[PDB]
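So this first bit is one chain, no partners, the form deposited in one PDB entry, shown in structure tokens.
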């Protein structure tokens, strides 16, 4: 019964051709040509980095990786707290079809070993503070030939930085504005291997390309408007942080980052950077439902606060929205296996307690926990989704893949949900 399969509407903008790398390259090149355009700001150390710096360094890393010998048969790991440098190797690798496997930087050596044993990287990009953990893992994973330090300018403890690595491999006369990213089959070439013991979630470039349609959608994303600034405290190595941030770069936004939550810094950053949109997780919503300091700050530029990654009660949401003088909360629901959010609060059409509506290109249904049948409006069952951001599979684990995704393409979330007569979805429980 089609009437009971909720479908997203048409994208405000058609899906662009090209790989995720090509699409990011093209957008960032444009922003780079406007001096002073800010890509990232570190709220802790206060430093800004422009699109020109980001673009040039990401292109130089792409070419250097290529010259070192990396191609679509290789993976890299990026292991780092949120930082100005985090996205440099991500973008560089996307530019040349090298799969990127972000590794949780609070993993211990064991979860880290499990992660990198699944992703099997040739080169590991790591922050200074993760270097020891990586050296220890490398002792067991000899495929790791090269370790590069992300947040250093010079060599660091005998290891090259991104800067000296690039200088080691760039051809003479290399021109970052003549560079052309690689073109390949975006359905078959993996962009990201994200972690779910966790599994590896393989995401073709196609999925990021669909994300980039959503990100700039005036209803399901953020309208592109000059001088937009986001405050993001969510981890970049997780799908919530990874795919919001890539979308923000596509949009030319200023992404102000924190890698440690602090109440005063967070509020003062909202005020002082005139933030339009802030990204939190539900436990930080409970935090701000307790906060009394919010009204000591001028937050009149703030348009939205976004949440995802876990259940948010409608009353905690209403309390936070009210404290921040917002009409509502911008929720998103997704899994690592769906790349990004596939239910998102439509702009101007928020409903407290809802997780939003089906995004463009997707469909969602809820099925009876007994009859496996599709249910109608206001009926609770297991949420299933189908669409072009669904993972190609768990890495080297097709049994787990088959257990999650059935023959007709439906991903069975394991979450209990219902949808209402406006086609808003409510997550209500889990199996």
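Numbering follows the first chain given and starts at 1. Superpose the two forms; the largest set of C-alphas matching within 1.5 Å is the rigid core.
Q: Missing residues between residue 196 and residue 197 in the deposited sequence, please: none, 1 to 3, 4 to 9, or 10 or more.
A: Some 4 to 9 residues are missing between them.
Q: Of 391-399 and 46-54, which one has the bigger average CA B-factor?
A: Taking the mean C-alpha B-factor of 46-54 and of 391-399, the larger value falls to 391-399.
Q: Tell me which stretch, 213-221 or 229-237, has the higher mean Cα B-factor listed in the entry.
A: That would be 213-221.
Q: Which of these has the highest Cα B-factor in the record: 92, 130, 348, 173?
A: Largest recorded C-alpha B-factor: 348.
Q: When the CA B-factors of 29, 60, 380, 66 are compared as recorded in the entry, which is the largest?
A: It is 380.
Q: Looking at the C-alpha B-factor of residue 106, is it in the lowest, middle or highest third of its chain?
A: Its C-alpha B-factor belongs to the highest third of this chain's values.
Q: Just say lowest, middle or highest third for the CA B-factor of residue 74 relative to the other modelled residues in its chain.
A: Answer is middle: the recorded C-alpha B-factor places it there.
Q: When the modelled residues of the chain are sorted by Cα temperature factor, does residue 263 land in the lowest, middle or highest third?
A: Lowest third - that is where residue 263 ends up once the chain's C-alpha B-factors are sorted.
Q: Hey, what third does residue 326 fall into on Cα B-factor, ranked over its chain?
A: For residue 326, the deposited C-alpha B-factor lands in the highest third.
Q: Sort the modelled residues of this chain by their C-alpha B factor and say whether residue 143 lands in the lowest, middle or highest third.
A: It belongs to the highest third of the chain when residues are ordered by C-alpha B-factor.
Below, we turn to the form deposited in another entry, even though it does not appear here.
Q: Superposing the core, which one of 303, 290, 260, 146 shows a C-alpha shift reaching 2 Å or more between this form and the one not shown?
A: C-alpha shift of at least 2 Å: 290.
Q: For residue 226, is the CA shift between this form and the one not shown at least 2 Å following rigid-core superposition?
A: False for residue 226: its C-alpha shift is below 2 Å.
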